[PDB]
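Input: a single structure, listed below in structure tokens.
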Amino acid sequence: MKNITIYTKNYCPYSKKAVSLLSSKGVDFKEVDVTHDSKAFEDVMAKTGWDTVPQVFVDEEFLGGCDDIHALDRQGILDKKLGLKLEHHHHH
Ligand SMILES: N[C@@H](CCC(=O)N[C@@H](CS)C(=O)NCC(=O)O)C(=O)O
């Protein structure tokens with residue numbers, strides 16, 4: 001399983017919706033609540049240059065926010081990013 005992390009705040013509808021989407025995918029993931037934690041939020045802001053929640057990561061790859069991960073899903077490429085099963089056809 002990949003290391004999936006989402007940074008959230010408890011008043012934010014968009015972080016709640018992103019968590020919901022991730023739950024809907026059947027993956028395990030770590031939620032880091034930064035509602036009350038300036039240091040943790042600043043550390044992540046330094047990493048991405050983004051100053052909002054949610055921020056979603058898969059093994060150090062930053063996928064963005066609520067809008068971004070929903071766009072990835074419409075594009076059909078969120079599953080792959082999250083570590084869901086890949087199928088390959090082998091031909092001789
Ligand atoms: N369109 C963004 C919206 C993100 C956003 O506006 N987050 C707000 C809270 S609801 C925020 O991080 N405000 C700064 C803060 O709450 O500290 C997304 O898709 O993630």
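Sequential numbering from 1 along the given sequence is applied to the chain's residues. Side chains are part of it too, since the values below use all heavy atoms of this structure and drop only hydrogens, waters and symmetry mates.
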Is it true that [X] and [Y] fall in one hydrophobic cluster, defined by side-chain heavy atoms closer than 4.5 Å?
X: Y14; Y: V19; answer: no
X: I77; Y: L86; answer: no
X: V34; Y: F62; answer: yes

Is any side-chain heavy atom of [X] closer than 4.5 Å to a side-chain heavy atom of [Y]?
X: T8; Y: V53; result: no
X: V44; Y: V32; result: no
X: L22; Y: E31; result: no
X: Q55; Y: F41; result: yes
X: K2; Y: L82; result: no
X: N3; Y: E60; result: no
X: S23; Y: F29; result: yes

> Rounded to the nearest 0.5 Å, how far does OH of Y7 lie from CG of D37?
Replying inline: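 Spacing of CG (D37) from OH (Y7) equals 10.0 Å.
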> How far does NE2 of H70 sit from OG of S20, to the nearest 0.5 angstrom?
Replying inline: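 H70 NE2 to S20 OG: 7.0 Å, rounded to 0.5 Å.
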For [X] against [Y], the heavy-atom pair lying closest together:
X: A18; Y: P54; result: CB-CG, 3.8 Å
X: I4; Y: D28; result: CD1-O, 3.7 Å
X: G65; Y: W50; result: N-CZ3, 3.7 Å
X: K47; Y: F57; result: CD-CE2, 4.1 Å

> Which one of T5, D68, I6 satisfies the side-chain contact (heavy atoms from CB on, under 4.5 Å) criterion with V56?
Replying inline: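 Output: one option passes, namely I6.
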> Does the side-chain contact (heavy atoms from CB on, under 4.5 Å) test come out yes or no for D73 and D79, once each step is laid out?
Replying inline: CA-CA 7 Å; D73 197 37; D79 287 357; 4.1 Å; yes
> Do other residues, nucleotides or ligands put more than 12 heavy atoms under 6.0 Å from the NZ atom of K81?
Replying inline: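 Open.
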> Got a sec: does the NZ of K17 have more than 12 other heavy atoms crowding it under 6.0 Å?
Replying inline: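 No, because the 6.0 Å sphere around NZ of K17 holds 12 heavy atoms or fewer from other groups.
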